[PDB]
Amino acid sequence: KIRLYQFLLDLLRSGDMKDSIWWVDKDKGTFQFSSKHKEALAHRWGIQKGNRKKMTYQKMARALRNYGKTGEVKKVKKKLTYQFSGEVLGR
DNA sequence: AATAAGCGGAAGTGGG
DNA sequence: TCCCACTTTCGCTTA
C-alpha cells in the first residue's frame, strides 16, 4: 500500500486536487493544504487505503506528525504548511 | 462562546 | 514475536 508521503507527493505532481493542496516553494519541497478544501483530500486518502472509518484531516495530520522523527515530512511554522525531505524529493 | 490549527498518551489494525 | 505504517480515540493548548 502507498505511503502517505507518496500519496501527497503524487497529488502535487499530478495536479489532480489543486484546490486542496499546492506547492509553496517546490524547490524546497514546501507545500500547503487548503483550509476549506483539505477534508476532500483526506477523504481520498482514506478511501485509497481502504480504512474502516472515514478519514479526517486531523487523523491524516496526526500521521504526518509521526514523520517528524524520521524526517520524510516536517511541519513548517506556517499555517497548514509542511516540507518533504530531500531524500523523499529525490526518490 | 465558536471556530480552527496543532499536539500527543494510549491502544487498535495491517501486513509482514 | 514483534515491528511497520499508520489509524482511531480523546483531552489539551493557543490564537
Side-chain angles (χ1 to χ4, degrees), chain A residues 2-90:
Chain A
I2 190 169
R3 295 192 68 174
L4 172 56
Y5 68 81
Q6 190 69 50
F7 168 83
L8 298 172
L9 185 57
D10 289 353
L11 277 181
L12 281 162
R13 292 188 173 145
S14 75
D16 199 70
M17 300 193 76
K18 288 208 103 74
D19 296 329
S20 299
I21 192 176
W22 48 80
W23 290 118
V24 175
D25 185 337
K26 57 193 168 189
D27 290 38
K28 293 180 181 176
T30 54
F31 63 97
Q32 179 179 46
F33 294 99
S34 169
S35 178
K36 278 275 292 183
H37 305 296
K38 61 196 186 302
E39 295 295 347
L41 181 155
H43 293 160
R44 183 175 294 194
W45 168 236
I47 289 176
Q48 189 165 136
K49 282 292 295 295
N51 293 336
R52 172 179 47 254
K53 308 268 176 178
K54 184 187 93 194
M55 176 54 63
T56 63
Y57 181 81
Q58 278 268 344
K59 290 188 293 188
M60 190 185 73
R62 172 127 197 199
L64 290 180
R65 285 198 290 286
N66 289 341
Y67 287 139
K69 193 147 190 312
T70 47
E72 290 91 342
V73 184
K74 288 185 174 183
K75 185 73 180 63
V76 172
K77 295 291 194 178
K78 298 281 177 157
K79 196 169 285 288
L80 295 168
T81 305
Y82 291 84
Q83 183 170 22
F84 293 116
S85 70
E87 293 78 351
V88 160
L89 294 166

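Here is how names work: the chains are called A, B, and so on, in the same order as the sequence lines, proteins then strands, and each is numbered from 1.
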> Across all strands shown, which nucleotide pairs with B:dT3 by Watson-Crick or G-U wobble geometry, both distances under 3.5 Å?
Replying inline: C:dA15
> Out of curiosity, A:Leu41 CG to A:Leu11 CG, how far, rounded to the nearest 0.5 Å?
Replying inline: 5.5 Å
>> For the P atoms, the ones on B:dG6 and on C:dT9, what distance do you get once it is rounded to whole angstrom?
In response: 22 Å
> Over how many whole Å does the gap from A:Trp45 atom CH2 to C:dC6 atom P extend?
Replying inline: 6 Å
>> At 4.0 Å (heavy atoms only), tell me whether A:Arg52 reaches a base, stays on the sugar-phosphate, or touches nothing.
In response: sugar-phosphate
>> Under 4.0 Å, counting only non-hydrogen atoms across every strand here, what does A:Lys77 touch: a base, just sugar-phosphate, or nothing?
In response: nothing
>> Between B:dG6 and A:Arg65, counting only base atoms on the nucleotide and side-chain atoms on the residue, is there a donor-acceptor pair under 3.5 Å?
In response: no
> NZ of A:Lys54 to NZ of A:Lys59: how many Å apart, nearest 0.5 Å?
Replying inline: 8.5 Å
> Could you give the CG-to-P distance, from A:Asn51 to B:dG12, as a whole number of Å?
Replying inline: 17 Å
> Quick one: the side chain of A:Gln58 and the base of C:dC10, do they pair up donor-acceptor inside 3.5 Å?
Replying inline: no
> Hey, is the side chain of A:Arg3 pairing donor to acceptor with the base of B:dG15 inside 3.5 Å?
Replying inline: no
>> Please report the interatomic distance CE(A:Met17) to NZ(A:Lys38), rounded to the nearest 0.5 Å.
In response: 12.5 Å
> Is a donor on one side and an acceptor on the other found under 3.5 Å between the side chain of A:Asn51 and the backbone of A:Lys53?
Replying inline: no
> Counting only Watson-Crick or G-U wobble pairs whose two distances fall under 3.5 Å, which nucleotide matches C:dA5?
Replying inline: B:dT13
> Checking all strands, does A:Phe7 fall into the base, sugar-phosphate, or nothing category for heavy-atom contacts under 4.0 angstrom?
Replying inline: nothing
